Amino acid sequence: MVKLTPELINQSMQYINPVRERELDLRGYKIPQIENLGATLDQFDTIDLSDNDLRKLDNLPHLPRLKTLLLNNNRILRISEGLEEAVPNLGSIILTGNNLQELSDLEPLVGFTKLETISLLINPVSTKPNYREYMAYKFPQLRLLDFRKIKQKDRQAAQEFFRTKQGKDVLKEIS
């Protein structure tokens, strides 16, 4: 295991990826905490932290260029609030294979204004009742959830559902 250090960043692969974006590969190091990302000097469109040991998505510095965060196969159970102040242009967050449990644990993501793609595959939250409906309602800008589109009819249905008294009670208990 190693910690996320400037030395690690400097030795790691930094390259143009198959979708033509600048990517930093930090995969497989069992990194236990996000830190020292300021040392990237905002060079990257995408940071790949797959296969580490993160328990929290937190401690991001100002990185206006960052658009994709790959977080596959960590142990994440908590997301810190206000991360949109650090990475306001985040477009995709891939949290496949983590430990996010409840819909309320996703509330810290609501502030992202251009977050269009989320994966919560192989997290307990993605099998909770009303998951897709709640995501459509709570994240109106979201386009792709677990690699299935949120369609226009899906948007409308979710909005109409949560307008009803029964829908409002569902929301109340989700909190």
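The first residue of the shown sequence is 1; numbering continues from there.
- The mean Cα B-factor in the deposited entry runs higher for 125-133 than for the other of 125-133 and 102-110.
- Taking the PDB entry as given, 136-144 carries the higher mean Cα B factor of the two stretches 136-144 and 62-70.
- Among the modelled residues of its chain, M13 has a C-alpha B-factor that falls in the middle third according to the deposited record.
- The deposited CA B-factor of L120 belongs to the lowest third of values across its chain.
- For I31, the recorded CA temperature factor ranks within the lowest third of the chain's modelled residues.
- In this PDB entry, the Cα temperature factor of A39 sits in the middle third of its chain's modelled residues.
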